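Data block below; observations after.
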Ligand code: HEM
Ligand code: HEM
């Protein structure tokens with residue numbers, strides 16, 4: 002269950018999540034767009050899903066892409082703030098899961114975000130230990146898909 | 002015009018939004034649910050739009066309602082954080098506007114949130130002055146519907 006996945010997040014994992022989010026979450030516009038473009042660069046097959054955003058190759062200049070990229074960072078901000086209360090983390094994770102379920106996004110496809118996250122973390126010098134911590138949070142969402 | 006509306010957010014208005022947000026934004030679950038339930042109570046005719054959430058009369062006990070309520074507070078958090086840059090504020094406002102446009106929510110019905118916000122603010126000792134400041138931020142979203 003999603004609760005099980007959430008309830009597993011240990012004190013050390015939560016610590017790494019909060020320490021790395023203090024940095025990458027400080028520039029939501031910058032790192033948010035970096036996340037989305039990297040996803041398109043390494044997984045060109047997902048571009049078709051984001052047709053509402055228009056030409057995603059425009060990057061920062063694309064207002065729709067910029068608005069979306071900033072908003073997803075607040076979805077992560079939401080997750081980070083709910084880490085100590087699994088009950089609240091589960092209800093928010095399931096809300097966002099519906100957003101993707103409706104778009105036919107499987108657990109496997111959603112996990113494609115791990116690659117980009119790893120690179121963004123690395124751009125700020127946060128190593129594998131942190132990428133693994135984030136993979137665990139992403140897994141909570143996958144438990145709902 | 003969302004841009005003219007955004008231009009209405011003067012120095013004083015922005016200060017009032019920040020000052021009041023420091024208080025209501027500190028308890029997103031509590032105030033978020035307070036907002037949504039007050040909306041349903043004062044405007045029963047809007048309940049039909051939230052069919053997905055189930056029995057909204059359960060308030061906090063409803064996980065779907067609690068997940069939704071916490072999430073909208075992060076939308077407001079988003080707006081506040083974009084106040085410095087009107088170009089970024091407009092792109093995030095348009096993103097959320099689409100979320101309501103697909104739900105068939107008009108500018109007039111979106112405005113019905115002003116009542117709840119005034120009440121939630123009042124319960125924290127923030128008067129008309131602050132209620133009006135928030136009415137201007139809401140107007141920006143209205144200009145995009
Ligand atoms: C860190 C992981 C991710 C987060 C936090 C996240 C967050 C979000 C949020 C907040 C929305 C807006 C929901 C709405 O307004 O309807 C969204 C939309 C979307 N997401 Fe994700 N997402 C993530 C990963 C992914 C991945 C990996 C895919 C696909 C491979 C994906 C595909 C979509 C699609 C298709 C939309 C619709 C965009 C639109 O047309 O507006 N997401 N996501
Ligand atoms: C302060 C103003 C408000 C904010 C910031 C806000 C924010 C949000 C957010 C973030 C979502 C989730 C988007 C998604 O995942 O699709 C949402 C959904 C929704 N909103 Fe609003 N909203 C506000 C006012 C209203 C009002 C006044 C109405 C109705 C008269 C309304 C009707 C809806 C509906 C029908 C949904 C879909 C709920 C669902 O099925 O999950 N919203 N809103």
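Residue numbers (the deposited numbering), protein chains in the order written: chain B, 2 to 146; chain A, 2 to 146.
From the three backbone atoms N, C-alpha and C, an ideal C-beta is built for every residue, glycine too.
- Around the beta carbon of residue 33/A, a 10 Å sphere encloses 16 or more other beta carbons of the protein chains shown; the residue is thus reported as buried.
- Scanning chain B for C-beta atoms nearer than 7 Å to the C-beta of residue 72/A yields 79, 93, 96, reported in chain order.
- The continuous alpha helix (DSSP H) containing residue 97/B extends over residues 87 to 102.
- When 7 Å is used as the limit between beta carbons, residue 75/A is near these residues of chain B: 75, 78, 79, in chain order.
- Scanning 84/A, 99/A, 78/A for the CA closest to the CA of residue 82/B turns up 78/A.
- For residue 72/B, the CB falls within less than 7 Å of some heavy atom of ligand 1.
- Take the alpha-carbon of residue 7/A and the one of residue 24/B: they are about 29 Å apart.
- Residue contact with chain B for residue 19/A: absent (no Cβ-Cβ distance below 8 Å to any residue of chain B).
- In summary, residue 29/A is buried, with 16 or more beta-carbon neighbours lying within 10 Å of its beta-carbon over all protein chains present.
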